[PDB]
Every structure is written in structure tokens, then in C-alpha cells.
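Worksheet for the structure shown next.
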Amino acid sequence: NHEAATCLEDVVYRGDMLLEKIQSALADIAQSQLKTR
Amino acid sequence: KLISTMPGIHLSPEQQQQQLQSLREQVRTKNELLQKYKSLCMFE
């Protein structure tokens, strides 16, 4: 059972890093759109 | 001359030329932002 649990903890944080990357990208796009004005 | 004053310098010499360089900056900045978005390598 313990081993099975580790599987999900290995699976996670990949979505988290992708999500933080895409939030950084969209924030940069919004900033560029507001600064080009 | 009334027909040809549509293409007249209504906004003055300084503004028309500056606007042109402002659009140059706008277009170029759009270019490097788009090319940096296409050229980034997120995948490992």
C-alpha cells in the first residue's frame, strides 16, 4: 500500500510546474499588452 | 488643392514622423514577444 501511495506523489507536481509556467506566461502576455498600451 | 489636402499635414510634421517611429517600436516589440513565445523550449 505504501508503495502505491508514492506513485501519486510522483505523478503530482508536474501539473503544478506546468501550471506555474503557464501562469507566468499569461502574466507576461497581459503585461506586454498593457505596456504596449 | 481641396481634394489633395486630405493627404495634407493635419497633425504636423513632428507628429506624423514620430507616430511612424512609435508604430515601428510597437511592431518590433510585438515581433520579439511573439518570437520569444514561439522559440521558448518548455519541454525537457
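These protein sequence lines are chains U and I, in that order.
First residue of the first sequence: 97, per PDB author numbering; consecutive thereafter.
First residue of the second sequence: 99, per PDB author numbering; consecutive thereafter.
Even for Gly, the Cβ is constructed at its ideal location relative to N, Cα and C.
Distance CB(residue i)-CB(residue j) smaller than 9 Å
{"i": "residue 114 of chain U", "j": "residue 140 of chain I", "result": "yes"}
{"i": "residue 135 of chain I", "j": "residue 118 of chain U", "result": "no"}
{"i": "residue 124 of chain I", "j": "residue 132 of chain U", "result": "yes"}
{"i": "residue 131 of chain I", "j": "residue 128 of chain U", "result": "yes"}
Coarse secondary structure for residue i, derived from DSSP in three states
{"i": "residue 113 of chain U", "result": "helix"}
{"i": "residue 111 of chain I", "result": "helix"}
{"i": "residue 99 of chain I", "result": "coil"}
Residue i: contacting residues in chain I (beta-carbon distance under 9 Å)
{"i": "residue 128 of chain U", "result": "127, 128 and 131"}
Neighbour list for residue i in chain U, Cβ cutoff strictly below 7 Å
{"i": "residue 124 of chain I", "result": "132"}
{"i": "residue 140 of chain I", "result": "117"}
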